[PDB]
Amino acid sequence: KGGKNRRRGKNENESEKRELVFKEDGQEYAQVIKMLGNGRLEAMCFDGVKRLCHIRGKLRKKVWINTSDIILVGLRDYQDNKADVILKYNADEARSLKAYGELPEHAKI
Amino acid sequence: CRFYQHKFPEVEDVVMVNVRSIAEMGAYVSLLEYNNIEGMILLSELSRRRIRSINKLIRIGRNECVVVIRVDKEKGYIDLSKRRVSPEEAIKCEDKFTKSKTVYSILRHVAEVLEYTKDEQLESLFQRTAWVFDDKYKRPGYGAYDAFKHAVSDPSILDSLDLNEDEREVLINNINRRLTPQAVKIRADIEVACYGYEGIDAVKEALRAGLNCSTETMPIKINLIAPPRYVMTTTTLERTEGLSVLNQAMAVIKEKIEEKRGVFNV
Amino acid sequence: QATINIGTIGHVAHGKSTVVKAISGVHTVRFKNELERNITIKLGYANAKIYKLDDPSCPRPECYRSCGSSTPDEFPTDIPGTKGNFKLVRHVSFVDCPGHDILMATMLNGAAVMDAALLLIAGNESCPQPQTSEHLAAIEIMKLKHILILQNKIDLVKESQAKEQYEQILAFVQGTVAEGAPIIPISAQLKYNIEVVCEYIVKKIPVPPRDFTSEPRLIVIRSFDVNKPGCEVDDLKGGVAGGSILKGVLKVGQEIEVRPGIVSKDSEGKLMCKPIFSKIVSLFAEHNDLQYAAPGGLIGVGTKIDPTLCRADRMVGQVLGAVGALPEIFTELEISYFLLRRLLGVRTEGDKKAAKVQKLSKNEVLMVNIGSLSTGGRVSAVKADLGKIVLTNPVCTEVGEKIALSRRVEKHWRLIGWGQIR
RNA sequence: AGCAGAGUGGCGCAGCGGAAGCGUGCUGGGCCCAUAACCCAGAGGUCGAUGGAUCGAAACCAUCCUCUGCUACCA
C-alpha cells in the first residue's frame, strides 16, 4: 500500500529470513498460470500435470501472490483436479532452488 | 538598433517581442520589433480561458505576437496585450520581423567599414536610407526589401538616391544569392496518339519550334515523362513573360502531328 | 539468327529458369520482376548458339569443364571436352510458353509459330496429368510431331513413381504421336544428362523446309519496350515487334503491313478495317546485327510504328504481310469444326470432372484461336459442320489452315475442339 | 526513371531563414495518509557528401549520392 493507516493494529512483521522445506510427499512446487478472482486461483505443477490451486487460511489477505512465480502446493489426498496451496516462497528463494537443481529448469521469472 | 521605420509603436498595431523575464503581474518584455525599449504585458489580457500550466504558455526566449494597447509617448511606457491576436496577424508580423532582420543585415555591411565605435552609427544609416526606400512603398504593402529587390533586377532604384561604395557588390551578391535560384514552373501539357510512322521526325520539327521568333540556337529543357506526354520547360524568365511561350506552343505540336495522319488530342 | 523454334511448354511446378538457362543460357523474363509466383506465366523469349567440339555435348564459352551452381548440396560437374575453339552448328531459338492452365489461349498462340517442342513433365503430381495431353493434342493439330518429352522434375521423385507417370502418359496418348518422340529423364537440381539432350535436339529436330522465295509473312506475338529512355523525345523512333517469320525472307528497309487493321471512325456495322503500314528500321536477332530475316526464326523487327502500339502488350497474335498482302481480313467467318468427346485440359485424381460437353448454342461467346490470333466471337448460326461466327476485332486469315475452339466452362475458357476455315 | 520526403541529440513523427521542433516515452522530483489525475526537472552530439552567400546552416540556397513514399521503365 501507499502508507495510509489502520495498518498497524496487527503484527508488523516481516520475514526475518528463512528457510526452507520442499516438496514433501504430495506437497510440491508449482507455478501460477492465471489469476482468477473471488479467491481461488490457477497454477500448473512443475511435473507436467496441471491442477487448480486453492488458497489457505492466514495467507488469505496476509500475503499477496501476484501472477507468475513459484509456489508450494499440497495435493489433496484423494482429489486430482483441485489442489491446495501452502507456503509460497520468495523469487530469490526460487532462483536459489533452481541453481541448486532440485526443481525442474524450465520456467523463467 | 531600431528595426522599424518609426522608433516608437502606435496604438492598436501588431508587434513582436521577445520575453526576457516573467513578472507576477504579467510579463515585462523587450521589443525586437522596434528598439530594445521596454513594454509591459499584463496577466488579465493574455487569454479568455483558464490557465493551468504557465510555462507551457509564455516563457523566456520566445518571440510572441502582441498588440500595443496604449503608449506613454513622453515617458516611454509601452503597454502591451496578447488578448487580441489572430494567426493571420502572426503571418504578417513574422514576415515583417524576418524581412527587417535581413534588411538590417544588409544595412550592417555598411557599418562594418564606416565609423561605428558608437551604437548610434546604425541609427544614422537607418534613418537616411531606409525611410526613402520604404515610405514611398509602405502604402502599397512593401518593405525596404522590395526596393532592394527591384534594384538588383533593374539598377536605377539605388542610383536614384545616394549610392554607397563597396556596398554595391555585397548588396548584389546577397540579393542575387538569397532571392533566387530563380525559377520557372513552366511545364508544357501535350497529348498525342499517332497512327503515323513519320511521327518521330514530325515531333522533332515541332519540338524545336516551342518559341516562335527565336534563333535556331536557343537552349531549352526537353523532358520525356511518358510516351504521349511531351513536356517542354520553355525559356526561363519569371513565368509572367513566358506565358505566350507556354500557351501558343501547345497548339504547334498538336497541329503538326494531325497533318501527317489521323486524329489527335487537341 | 535462328533456324528452328523449339518450345518449352510444361505444367505447373517443374522449374523453368533452371532448365531454360541450361539449354539457351538466356533467362526467361518479363513484366513484374519481382520473379514468378511459381513458373513463368508470360510468353518468354530467348535465342542461343549451339556449337560442337565434334562431340554430341554442347560447350559453354569456357569449354574445358563446367561446374554448376544449381545447388550447394553437392557439386554437379560435366565435361564437354577441351579447348581450342568449337565449330558452330547452328543458331537456335526458343519459345517459352506459359505453364499455367488459365493462360491456355496464350499458350496456344505462342505454340502456333514453333517448329518443335519440349514437353516438360513434373513427377510431383498426377500420372496422366491434364495439361500434358492438352499440349500434345494441340501440337499434332497445328502440324508438328517433332517432340522430345523431357522429365524435368524427378530430382526427389522415386523411380517407381516416375516410371508409372511416363507409362500412363504414353498409354493415354495412344492416338496422338509420341512413340517416335524420345523421353529423356534429366536432373534440374544437378543439371545431369543435359549433354545427351544436345544430341537429341540436333537429331529429332533438323531444319524443316523453309520457303525463301515466297512472299514475307511475319506473325507478331510480343510487343516492344520502345521507347522512353534518352536522349531526345518524345514517343519513339519507333516500335519493335517480337515475331517469328514462317514464310519468306524479310529484307531490311522493306515496308510491312499489319493486316487485321484498325477500324474506321464512326462505324455503324462491323466493317471497315484498314491495315497500318510501317517501314522496317532494323532486323535484330540474338545480339548480332543482320541485314536479312530468314524464315524459321524469331526476330525483333523494329518498324516505324509509334510508342502507343508497343507501350503494353497489344500486338499479341497479329499477322503482318509485306506489303499489300493478298490474305483476306474477315470480320465474320465460316468455320468448319469438330469437337472432342472429352473435355481437354481438365481431369483430376477423382472423376470430377471431365466428360462429354454438350453441343454449342447460338449467341454464346467463344474464343477462336485462328493462326496466332486470339479473337472472341459469337456464334450466329450453329449447324454441326457449319457454324458462322462474328468476331469482335477482324482476323487476317493467311490460309485456311487450322483453328482451335474453346468454350467458357467456368472461370476461364477450356479447349473443346478444332477444325479448319472454309 | 517523373514527382515527394528524409539521411536524430532518448523514442516516433521529421519543424522553421537562431544550434533538437512537435507529439510521446523513460527516469527523478512535487502534491496527497497513499494511488490515480495534475505540476515540474532531464540527455557527451556539422543531423549522408561536395560547394556558395552568410555571424552561422538538418534547417538560407545550390551541386551530387543513397534509402523509401506515390507514379512507373530502362534493365
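Residues numbered from 1 in each chain as written, not as in the entry; some residues may be left out. Chains lettered and ligands numbered in written order. Part of a larger assembly, values for the part shown. Heavy atoms only, no water.

As deposited, the entry is annotated with cryo-EM as its determination method and 3.6 Å as its resolution.

**Notes on the protein's contact with RNA strand D**
Stated precisely, the cut-off is as follows: We call a residue near a given molecule or strand whenever any one of its heavy atoms falls within 4 Å of it. Between N or O atoms, a polar contact is any pair within 3.5 Å; within protein, one atom must be a potential hydrogen donor and the other a potential acceptor, and residues adjacent in sequence are included only when both atoms are from side chains. Helix and strand definitions follow DSSP, with helices as H or I runs of at least four residues and strands as E runs of at least two, each counted in order from the N terminus. Residues are grouped as follows: nonpolar covers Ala, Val, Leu, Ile, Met, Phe, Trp, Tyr, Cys and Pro; charged covers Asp, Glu, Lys and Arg; every other residue, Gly included, is treated as polar.
Lining the immediate surroundings of RNA strand D are 21 residues, of which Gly2 of chain A, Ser53 and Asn174 of chain B together with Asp225 and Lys228 of chain C lie closest. The sugar-phosphate share of atoms of RNA strand D within 4 Å of the protein amounts to 77%. At 3.1 Å from a phosphate oxygen of RNA strand D is found a side-chain nitrogen or oxygen belonging to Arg108 of chain B. One nitrogen or oxygen atom from the side chain of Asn33 of chain C is found 3.1 Å from a base nitrogen belonging to RNA strand D. Looking at the surface near RNA strand D, the element that brings in the most residues is helix α1 (residues 87-113) of chain B, giving four residues. Looking at side-chain class alone, the surface near RNA strand D contains three nonpolar, seven polar and eleven charged residues.

**A short note on empty space enclosed by the protein**
Stated formally: The definitions used throughout rest on a 1 Å grid laid over the protein atoms alone, on which a cavity is an enclosed set of points accommodating a 1.4 Å probe that cannot get out and a pocket is an open set flanked by protein within 12 Å on both sides along at least five of seven lines; lining residues are those having an atom within 4 Å of a point. Grid points are joined across faces, edges and corners, and a volume is the space filled by probe spheres set on the points.
Tallied over the full model, the rule gives nine cavities of 30 Å³ or more. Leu108, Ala112, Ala138, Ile141, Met142, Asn369, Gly371, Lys402, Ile403, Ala404 and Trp418 of chain C together form the lining of the largest cavity. When residues of the lining of the largest cavity are traced back to their parent elements, those giving at least two are α3 (130-142) and β22 (403-408) of chain C. In terms of residue count, α3 of chain C provides more of the lining of the largest cavity than any other element does, three residues in total. Across the lining of the largest cavity, the residue classes break down as eight nonpolar, two polar and one charged. Space inside the second largest cavity adds up to approximately 70 Å³. Lining the second largest cavity are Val32, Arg40, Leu41, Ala43, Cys53, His54, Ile55, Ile65, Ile71 and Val85 of chain A. Of the residues that constitute the lining of the second largest cavity, the class distribution is eight nonpolar, one polar and one charged.

**Concerning α1 of chain B**
All names here are of chain B. So the rule is basically this: A helix is expected to reach a length of 1.5 Å times the quantity of its residues less one. Only protein chains enter the accessibility calculation, which uses a 1.4 Å probe; a residue whose area is less than 20% of its type maximum is buried, one above 50% is exposed, and one in between is partly exposed. Only heavy atoms enter the contact rule, under which two residues are in contact if any of them lie within 4.5 Å.
Look at α1: 40 Å from first C-alpha to last across 27 residues, which is about the 39 Å you get at 1.5 Å a residue. Those residues of α1 lying buried are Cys93, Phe97, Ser100, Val103, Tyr104, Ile106, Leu107, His109, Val110 and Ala111. Lining the buried residues of α1 we find β1 (14-19), β4 (63-72), α2 (121-134), α3 (144-153) and α4 (167-178).

**Here's the deal with the interface of chain B and chain C**
Threshold: Computed with a 1.4 Å rolling probe, the buried area is the accessible surface lost when two parts are put together, summed over both parts.
With 20 residues of chain B at the interface, the matching set in chain C holds 17 residues. Each partner contributes to the roughly 1500 Å² buried at the junction of chain B and chain C, and carbon and sulfur atoms together form 63% of this total. Our count for the contact surface shared by chain B and chain C stands at two residue pairs in polar contact. For the side of chain B that touches chain C, the secondary structure elements donating two or more residues are α5 (199-207) and β6 (221-224) of chain B. No other element matches α5 of chain B, which puts five residues into the side of chain B that touches chain C. For the side of chain B that touches chain C, the class distribution of residues is 13 nonpolar, three polar and four charged.

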